[PDB]
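Top line first, the protein sequences correspond to chains F and V. Counting from 169, one number per residue, gives the positions in the first sequence under our numbering. Counting from 278, one number per residue, gives the positions in the second sequence under our numbering.
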Amino acid sequence: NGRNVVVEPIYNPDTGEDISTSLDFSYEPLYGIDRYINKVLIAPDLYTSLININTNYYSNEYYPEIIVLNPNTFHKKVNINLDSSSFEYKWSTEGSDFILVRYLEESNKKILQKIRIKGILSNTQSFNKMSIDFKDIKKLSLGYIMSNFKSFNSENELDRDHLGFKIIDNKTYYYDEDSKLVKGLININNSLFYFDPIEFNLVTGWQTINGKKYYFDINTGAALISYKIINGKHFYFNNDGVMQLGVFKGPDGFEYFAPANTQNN
Amino acid sequence: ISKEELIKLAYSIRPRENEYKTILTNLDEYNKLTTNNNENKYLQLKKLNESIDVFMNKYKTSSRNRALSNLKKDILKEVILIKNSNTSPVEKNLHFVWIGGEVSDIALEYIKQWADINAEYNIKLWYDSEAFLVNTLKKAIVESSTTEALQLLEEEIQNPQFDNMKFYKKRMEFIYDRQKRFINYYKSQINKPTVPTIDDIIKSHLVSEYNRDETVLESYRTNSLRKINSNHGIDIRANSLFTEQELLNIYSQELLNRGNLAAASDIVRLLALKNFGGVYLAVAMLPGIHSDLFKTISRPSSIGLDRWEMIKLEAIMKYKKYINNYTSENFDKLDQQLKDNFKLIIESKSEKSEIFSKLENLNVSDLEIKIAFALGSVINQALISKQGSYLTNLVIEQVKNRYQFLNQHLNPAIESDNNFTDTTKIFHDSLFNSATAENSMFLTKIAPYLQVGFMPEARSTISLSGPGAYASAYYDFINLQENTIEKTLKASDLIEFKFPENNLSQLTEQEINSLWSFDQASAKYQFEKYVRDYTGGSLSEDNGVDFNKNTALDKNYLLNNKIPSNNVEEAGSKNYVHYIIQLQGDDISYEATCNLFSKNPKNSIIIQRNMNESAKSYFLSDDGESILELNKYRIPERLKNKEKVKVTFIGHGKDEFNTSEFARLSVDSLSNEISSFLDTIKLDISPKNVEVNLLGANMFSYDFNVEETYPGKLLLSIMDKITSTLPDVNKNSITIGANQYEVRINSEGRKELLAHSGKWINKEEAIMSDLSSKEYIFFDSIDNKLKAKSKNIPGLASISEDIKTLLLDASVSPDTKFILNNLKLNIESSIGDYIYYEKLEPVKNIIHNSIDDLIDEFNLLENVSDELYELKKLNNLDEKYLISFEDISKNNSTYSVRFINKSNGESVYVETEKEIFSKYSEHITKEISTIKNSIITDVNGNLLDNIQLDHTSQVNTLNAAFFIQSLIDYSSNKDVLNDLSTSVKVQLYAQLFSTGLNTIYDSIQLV
């Protein structure tokens, strides 16, 4: 389905037993595998009037946006309970859904937690059903949030659905199958490519990944493999693309590829 | 409908509760109380719904709430089933309202046409005998207040940068003072033992406070009475319409306190339809036209549907006229064979016998009323009701509730005798301190109630007694509630309550003339007319240096003085090019083009069409500080990949409401200009969506009728050119748009405006009104008329926040504080209207489409479950029967489906002519064959799965697994009777393991 997490209430085995009316989400089980997950789709049920979203788990690196589906419960008001303060939120609107953004700066690390409530502006029944609880204030409304909180333009988000190389700016991306925007060191057809893991764009030139040295072509972006001439010097890589220090054979003959701080430095 | 099937369908571990027993007893009373009378049955169903609501509110985690919600949905079907029972025609009457003045000759011709076509229908015209001079009194008050305010503002008239809203505020203050004096004089003549009349009090006030003549006003009262009494007039005071003192007070405060004749006419409509059952039509309505007599004429694609309908009416009433001044300017367009075809096809028939339809059968229920439609919303034009109609009582109860709320929150400000500003501040402080979460939009709408009809952008009757009250009462009737204030209505329920189109036929020249509202452009042109009438020497502000000034592009001034001083920025995407075009040789458009180039110094080009030979494209290079004089209006290679184009024409427009010219061009001339410009674009850009702007003075955006406006016909011609010539741009990827002023931020941070004098003026309320009133009009994809785009809601919120900060500022005059408060109320009402009217589109991507696909699959699953349940009810098959889906062998007409018992396995056959259980069986066979080839082999009951690492082979198996798993696992509605879960489980087991269920026929192995 596109590597999307579907949070769902547990189906009750006993029919006569009382049905639970709460949903909880936390970023804790996404630790380590958040670099593969596209989005999170919380899907409430008929018996759901309370949603807790624990947004304080700060040890992750990538935070997927949360899309809250529109419920059709018999309850008068359904409750969203975020454990965060009333400030550091900017609201928006992309068509007919409500966008909430948590942007906070800490430890010289940027955290952008985005929450979207899908299909909530279509009619006043869905508009007046939601009531959002924070850490410092509680029992709000979407009209209160629109009147009080600061608004930002979310229409600048150019990264829509694509399928191949997009040169949408001076930068360039990949946009793989199911439009996931891959962000690491990946191979696509037969050659290794590198996309910078904090801005998602393709980077060229010299690169270092966990100490090892790779080289990526300026014209294309693929990892160089054979004995290649770079700026009048000579370098040798293996099939994996990493340079090797030692004695290896080129077309002109064997050569010596020394480490740094040597007789020639 | 389940008298005894509700039990053993909703089981809980706890025993039966008192509210559940009340629900069961009330349901049994409903089922055992069956009669042809519908009102008692409706009240019984409403009591049942209220009992279910209070039980589900009391007990939250009960296991019966799912079955009770399904019962609630069955109740919402049953109310439509109850209303569609008494198919009886309405009693034959027509009602028309004209209060306070002479009946116009055009409306007289319309009602005589209605009487001539419908001879068997007894028409009526309602009027007030004591109210005949209120229109003249209101006109005199408006003219006196205009003179009083304009004598005070005469020293500021001479400023060309004058703002109109302060003059309108002063005129509204004087109007409120005169109305307070008149109502004090009217309430001063109640304590006398003798009784006066309303027209006598109005005449006395007119001859005391004006130079009015008693004999002239007596003559005007007398001649107006005989015209109405000859033209089927019946008095509203002679009949027993006015019964309740609350409704008398409502009519008195909406006639004498406020000169609001349409609001008085609304309660007149409801009281007339409550007393005498009849069919109401407005005085600007025409009878319907048969579609068969005009279907031989093909409609052109360059003419909208409303334009085609009104030129059809103009073609009918052009030759056989029946109207003294029926304008046919839109009919007089160039179509010679269409005009000749219309002439022969209306001269080949008889006179008023087949051209216009008849009202010979209007079959409605006692509870039902029908109402006209206008752009997806109801409108109080055509009504059909019997005598004593229940939903008509609901509408008048909603009007009573809204007026009671308004009077309760207004009467402190009425009794507090102050001036207009303090009175409306007391009113606003009383309203906003009682604003809950359910009527915030309602209070924001009815907040500028005292200035309705006098100040621009003041619409309160729509929420008080008009289409908002009608839609609220429709919701209240359908969903079985009491006194809903403001909630939405489904389009399906609205078209189920829809008036017939061939009986309504709304489109009328008088209807189009009345469709315009008192907006910003109307207020500006009325102010200009007032100044031009009061002062003999009018001021010509359009002359300037406008002509004979072929100013070249100052490259040094553009590069060194404007782009480094660009203090503004945008937060939108940059995959577009800005084709900035200058159409006039003046410093105003030169500075406007320079400022737009400051807005976009990267992608924009400059084309000056004030001269012809020295016309090219100016833009920055790949490096900064370099401007190219490239000819042929071309673009660099960096701009050859953008998917959007944003053309912009900057010029002037003459002072005319709905101006037909821009920059001394016309619609067709500018369409040919854009076509000739597009002949050079086609070799560079193959875009996905286009966008046309229009900047310049006296260029506004209108929201009621987008046709007959300047962007409408231009939009139609340009969309024809786009869908003919430019590839990969769809019909719905079109956008027209008009803007009046120019926005610039200086080094301080303030927003600056450019006027005709060439200097920069901080007209903050004008620039905020322009930014909040700019719209975009596009062509909708359902093959309909032109629609308006949704505005930038965060942009409106930013404008409202800036208004809030400027109102919290200290050095701001109270008049501008009042104007900005009104603008904030208008912006909040606009956002509430976008929420309320369902004008916000859903988003479309890969993530959002799958959610809607599962929603549609669940709805289809519920429909199949309900139809299977009623089939099992009809054919008297018990719970032990399992339907087969692989055997949908059919006859020529009916569909035959077989059943398998779970105890002895016989194969009976039943016949039912339904398209469902054939395509659904095909779907559940295809989604089982999708996973059938995902299994390589079966070894001793263990299935060896085959995994596919291709992405497109993983979506199909996952979708099939979801589709099978949902309808094999989910407990559907009324699933204790029919077991569709095991009915598809047996089919899945048979197809996965053995030979299929269509082949297995032996009873023992079937069991």
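C-beta atoms are modelled at their ideal positions from N, C-alpha and C, and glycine is treated no differently.
Discussion item. So that I know if they touch, is there some Cβ in chain F lying closer than 8 Å to that of V:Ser340?
Written reply: Position 63 of the second sequence, counted from the start, is the residue given in the question as residue 340 of chain V. Put simply, the CB of V:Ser340 is near chain F, with a gap under 8 Å to one of its CB atoms.
Worksheet item: Taking just the CA atoms, how far does V:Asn1009 sit from V:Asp1057?
Response: Within the second sequence, residue 1057 of chain V is the residue found at index 780, counting from 1. Within the second sequence, residue 1009 of chain V is the residue found at index 732, counting from 1. Their backbone Cα atoms lie some 6 Å apart in a straight line.
Fill in: Chain-order list of residues whose beta-carbon lies under 7 Å from that of V:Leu708 (same chain, five-residue window excluded)
Against the second sequence, residue 708 of chain V aligns to sequence position 431. The residues are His686, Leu720, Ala724.
Fill in: CA nearest to the CA of V:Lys349, picked from V:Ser362, V:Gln658, V:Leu304
Translated into the one-based positions of the second sequence, residue 349 of chain V becomes position 72. Among V:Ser362, V:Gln658, V:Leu304, the Cα nearest to that of V:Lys349 belongs to V:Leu304.
Worksheet item: Hey, quick one: how far does the alpha helix (DSSP H) through V:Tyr1146 stretch, first residue to last?
Response: Position 869 of the second sequence, counting from 1, holds the residue named residue 1146 of chain V. Residues 1123-1151.
Worksheet entry | Whole alpha helix (DSSP H) elements within the region 382-452 of chain V, 4-residue minimum | Along the region 382-452 of chain V, the alpha helix (DSSP H) occurs as fully enclosed runs of 4 or more residues at 382-394, 411-429, 431-434, listed in sequence order.
Discussion item. Cutting at 7 Å between CB atoms, please list the residues of its own chain near V:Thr604, excluding the five before and the five after it.
Written reply: Translated into the one-based positions of the second sequence, residue 604 of chain V becomes position 327. Here the set comprises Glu786.
Discussion item. Measuring only the C-alpha atoms, how far is F:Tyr362 from F:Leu370?
Written reply: The residue you call residue 362 of chain F lines up with position 194 of the first sequence. The residue you call residue 370 of chain F lines up with position 202 of the first sequence. C-alpha separation (whole angstroms): 6 Å.
Discussion item. Closer than 8 Å between beta carbons: that is the criterion. Which residues of the region 291-311 of chain F meet it against chain V?
Written reply: So the list reads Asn291, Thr292, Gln293, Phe295, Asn296, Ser309, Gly311, given in the order they occur along the chain.
Practice prompt. Identify the continuous beta strand (DSSP E) that holds F:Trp259 and give its terminal residues.
Written response: Translated into positions along the first sequence, residue 259 of chain F becomes position 91. For F:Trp259, the uninterrupted beta strand (DSSP E) segment begins and ends at 257-261.
Worksheet item: So which of V:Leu283, V:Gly1109, V:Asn1219, V:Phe519 has the shortest CA-CA distance to V:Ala714?
Response: Residue numbering aside, residue 714 of chain V sits at position 437 when the second sequence is read from its first letter. Across the set V:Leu283, V:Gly1109, V:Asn1219, V:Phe519, the C-alpha of V:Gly1109 shows the shortest separation from the C-alpha of V:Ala714.
Worksheet item: Would a C-beta distance cut-off of 8 Å place V:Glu1183 and V:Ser1243 closer than the cut-off?
Response: Looking up residue 1183 of chain V in the second sequence gives position 906. Looking up residue 1243 of chain V in the second sequence gives position 966. It is not a contact, given that the beta carbons lie outside the stated cut-off.
Discussion item. I want to know whether the region 307-319 of chain V touches the region 637-646 of chain V - three or more CB-CB distances under 8 Å.
Written reply: A contact is defined here as three or more CB-CB pairs under 8 Å, and the region 307-319 of chain V meets this definition with respect to the region 637-646 of chain V.
Practice prompt. Check whether the Cβ atoms of V:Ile1277 and V:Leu1269 sit closer than 8 Å, and answer yes or no.
Written response: One-based indexing of the second sequence puts residue 1277 of chain V at position 1000. One-based indexing of the second sequence puts residue 1269 of chain V at position 992. No.
Worksheet item: Rounded to a whole number of angstroms, what is the C-alpha to C-alpha distance between F:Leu191 and V:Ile329?
Response: The sequence position of residue 191 of chain F within the first sequence is 23, counting from 1. The sequence position of residue 329 of chain V within the second sequence is 52, counting from 1. Taking the Cα positions, F:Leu191 is about 26 Å away from V:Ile329.
Item to complete: Return no unless some Cβ of chain V is closer than 8 Å to the Cβ of residue 483 of chain F.
Response: No information on residue 483 of chain F is available, as it lies outside the stretch 169 to 433 that chain F covers here.
Discussion item. Taking the straight line between their C-alpha atoms, what separation do you get for V:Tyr867 and V:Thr828?
Written reply: Translated into positions along the second sequence, residue 867 of chain V becomes position 590. Translated into positions along the second sequence, residue 828 of chain V becomes position 551. Cα to Cα, V:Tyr867 sits roughly 8 Å from V:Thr828.
Worksheet entry | Residue closest to V:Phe1239, alpha-carbon to alpha-carbon, out of V:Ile1208, V:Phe439, V:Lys722, V:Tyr557 | Numbered from its first residue, the second sequence carries residue 1239 of chain V at position 962. Nearest option by C-alpha distance: V:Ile1208.
Fill in: Any chain F beta carbon closer than 8 Å to V:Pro1119
Here residue 1119 of chain V is taken as the residue at index 842 of the second sequence, counted from 1. At least one CB atom of chain F sits nearer than 8 Å to the CB of V:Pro1119.
Worksheet entry | Closest by C-alpha distance to V:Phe332, when choosing among V:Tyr319, V:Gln321, V:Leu320, V:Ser346 | Taking the first residue of the second sequence as position 1, residue 332 of chain V is located at position 55. Residue V:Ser346 holds the alpha-carbon nearest to the alpha-carbon of V:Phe332 among V:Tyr319, V:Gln321, V:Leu320, V:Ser346.
Fill in: Chain-ordered chain F contacts of V:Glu763 [CB-CB under 8 Å]
What you label residue 763 of chain V is simply residue 486 of the second sequence in a count that begins at 1. Within 8 Å Cβ-Cβ: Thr292.
Discussion item. Is it buried or exposed, F:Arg284, if we count other Cβ atoms within 10 angstroms and call 16 or more buried?
Written reply: As a first step, residue 284 of chain F must be located in the first sequence, where it is residue number 116. Flag for F:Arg284 reads buried.
Worksheet item: Applying the criterion that 16 or more other CB atoms from any shown protein chain within 10 Å of the CB defines a buried residue, is V:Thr1012 buried or exposed?
Response: Reading the second sequence from its first residue, position 735 is the one you call residue 1012 of chain V. Burial is judged here by how many other beta carbons sit within 10 angstroms of a residue's own beta carbon; V:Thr1012 has at least 16 and is buried.
Worksheet item: Can you tell me whether V:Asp1047 is buried or exposed, with buried defined as 16 or more other CB within 10 angstroms of its CB?
Response: Against the second sequence, residue 1047 of chain V aligns to sequence position 770. Residue environment analysis places V:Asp1047 among the buried positions, since at least 16 neighbouring C-beta atoms fall within 10 angstroms of its C-beta.
Worksheet item: What does V:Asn1122 touch in chain F if you count any residue whose Cβ is under 9 Å from its own?
Response: Position 845 of the second sequence, counted from the start, is the residue given in the question as residue 1122 of chain V. Residues of chain F whose Cβ lies closer than 9 Å to the Cβ of V:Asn1122 are, in chain order, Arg328, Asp329, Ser347.
Practice prompt. Return the CA-CA distance between V:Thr474 and V:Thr499, expressed in angstroms with no decimal places.
Written response: Here residue 474 of chain V corresponds to residue number 197 of the second sequence, with the count starting at 1. Here residue 499 of chain V corresponds to residue number 222 of the second sequence, with the count starting at 1. Spanning the two alpha carbons is a distance of roughly 14 Å.
Practice prompt. Using the Cα positions of V:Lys1116 and V:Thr765, report the straight-line distance between them to the nearest angstrom.
Written response: The residue labelled residue 1116 of chain V in the question sits at position 839 within the second sequence. The residue labelled residue 765 of chain V in the question sits at position 488 within the second sequence. Rounded to whole angstroms, the gap between the alpha carbons of V:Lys1116 and V:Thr765 is 12 Å.
Worksheet item: In whole angstroms, what is the alpha-carbon distance linking V:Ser507 and V:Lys389?
Response: Position 230 of the second sequence, counted from the first residue, corresponds to residue 507 of chain V. Position 112 of the second sequence, counted from the first residue, corresponds to residue 389 of chain V. Between V:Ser507 and V:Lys389, the alpha-carbon positions lie close to 12 Å from each other.
Practice prompt. Say yes only if the C-beta of V:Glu1139 is nearer than 7 Å to one or more non-hydrogen atoms of the ligand PLP, and no if none qualify.
Written response: Summarising the ligand content, the structure contains no ligands, and the ligand PLP is consequently not present.
Worksheet item: So, are the CB atoms of V:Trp403 and V:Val545 less than 8 Å apart?
Response: On the second sequence, residue 403 of chain V is found 126 positions in, with the first residue counted as 1. On the second sequence, residue 545 of chain V is found 268 positions in, with the first residue counted as 1. Yes, the Cβ-Cβ distance between V:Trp403 and V:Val545 is below 8 Å.
Discussion item. Judging by CA-CA distance, which residue of F:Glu185, F:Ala211, F:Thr183, F:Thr292 is the nearest neighbour of F:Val174?
Written reply: The count along the first sequence starts at 1 and reaches residue 174 of chain F at position 6. Taking the Cα of F:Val174 as reference, the smallest distance to any Cα among F:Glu185, F:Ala211, F:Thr183, F:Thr292 is reached at F:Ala211.
Practice prompt. With distances taken Cα to Cα, identify the nearest neighbour of F:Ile279 among F:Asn228, F:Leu308, F:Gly409, F:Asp364.
Written response: The count along the first sequence starts at 1 and reaches residue 279 of chain F at position 111. Per the Cα distances, F:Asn228.
Worksheet item: What's the call for V:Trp375, buried or exposed, on a 16-neighbour Cβ count within 10 Å?
Response: As a working note, residue 375 of chain V is residue 98 in the second sequence. V:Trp375 comes out buried.
Practice prompt. Answer with yes or no whether the minimum CB distance from F:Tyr215 to chain V is below 8 Å.
Written response: Locating residue 215 of chain F in the first sequence gives position 47, counting from the first residue. Yes, because at least one Cβ of chain V sits closer than 8 Å to the Cβ of F:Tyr215.
Worksheet entry | Close-in-space but distant-in-sequence residues of the same chain around V:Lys998 (CB under 8 Å, 5 per side omitted) | What you label residue 998 of chain V is simply residue 721 of the second sequence in a count that begins at 1. For V:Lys998, where only same-chain residues beyond five positions count, the Cβ hits under 8 Å are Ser948, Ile951, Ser952, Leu955.
Worksheet item: Can you tell me the Cα-Cα spacing of V:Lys921 and F:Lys286, whole angstroms?
Response: For the purposes of this step, residue 921 of chain V is identified with residue 644 of the second sequence, where counting begins at 1. For the purposes of this step, residue 286 of chain F is identified with residue 118 of the first sequence, where counting begins at 1. Approximately 27 Å, taken between the alpha carbons.
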